[PDB]
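Listed next as C-alpha cells: two forms of one protein chain, kept apart as structure 1 and structure 2.
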Structure 1
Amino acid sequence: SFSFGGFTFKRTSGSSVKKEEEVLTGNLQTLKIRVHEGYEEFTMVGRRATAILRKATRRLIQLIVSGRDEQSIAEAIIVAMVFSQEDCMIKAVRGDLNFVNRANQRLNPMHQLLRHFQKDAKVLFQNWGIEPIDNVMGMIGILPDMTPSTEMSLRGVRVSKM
C-alpha cells in the first residue's frame, strides 16, 4: 500500500511502470510528473470516505465513492481526479502554479496540483465532463456542483450509500 492525499491506496489488480513526463497546464506551464503507465484497480481508504478506483494511463475509468457527507466525498473525488493524472485535470489549472515560495519548495508537481484543487475545485469539476447515467440501485450520480442526480454524473464517478 501507499498514501496519497490522506488516503491509503491498495492495488487489487493490474500493474504499472513509472516514468517522468512533461505536461502542459491550461496556462501553458510545463510540469514534470512521474506518470504511471498501466491499467490498475485500487481500494482508496480514508478516515472519512472510501472508494473503488479503476484507472489506465492518465485516465480515470471508474470511481465509486462513499463517505460521511458531501465534504468528505468531494475530497475523495478530488484526490482521485488528481491521482488519475488526466489531461482535463492538468488543463483545469488556468493560472501559474508557484514552486518558489519557501512553503512550496518540497512539493512535487503532483502535490502542487493536489493543493491547488483542495483550495478550489470548481474549474476541475466544471471541466471534467458529465454523462447520462442508467442509475443502479443503491448508487447515485453527482453533478459538478456536488449535488446528487439520478440522471447525470461526473464522467466515471458514482456515489454509493455508506
Structure 2
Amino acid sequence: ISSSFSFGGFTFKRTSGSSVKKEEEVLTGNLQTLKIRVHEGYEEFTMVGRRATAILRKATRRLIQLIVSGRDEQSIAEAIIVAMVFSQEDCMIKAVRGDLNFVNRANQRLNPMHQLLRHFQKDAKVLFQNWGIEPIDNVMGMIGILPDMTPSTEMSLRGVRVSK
C-alpha cells in the first residue's frame, strides 16, 4: 500500500523508486549529535502545498533535482527549504547553527527531521548560502533561483529549477 504524508506543510507522495531505512548518527554545524533515520535508495516524490508544488528526485542523502513552481518568492522558498531538509544532505546538516532542542505544544521533543525543519524554516540564509550553485543549461526552458531567492537566467541553486 502506497501512502501520502505531510512534511513541512507539503503533501508528499512517492511516485517511483524504493528505499531501505537505516539509522545514521550525524554531527551538526554546532557539534550536536542527531540520530536520523536515513532512507537509502533513489526515489521520486511530488510535493503539493497551498502556494507551491514540486517534483523532488533524491537518492541517499542527496538531492538530485527539485523542479518547483509557486505563486510568489516566499512560497517557492518554503518548498525549497523543505526539499533541502528532506534530502537529508550533509551540507544541510552542516548548515545548522546553534543547538536543536525544539519541543511541541504537548512538550514532546521533535524528531531529528522536524528539528531540522523547524530550524531552517526560521532562517534559511546559511542553508541557502552553503548549498551550492551551478550554471543552468536551459534544456528544460526553466529558470534559476539564487541563494538570495532572486531569479537568474544563468545560474541556480544546485539541483533546483523553477518552473511556471
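Just so we're on the same page, rigid core means the largest C-alpha set that superposes within 1.5 Å between forms. For residue numbers, the reference is structure 1: its sequence is counted from 1.
Superposing the two forms on their core leaves just one of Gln62, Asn104, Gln118, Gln126 with a Cα displacement of at least 2 Å between structures 1 and 2, namely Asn104.
Core superposition places the Cα of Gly138 4.6 Å apart between structures 1 and 2. For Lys91, the CA shift between structures 1 and 2 after superposing the rigid core equals 0.1 Å.
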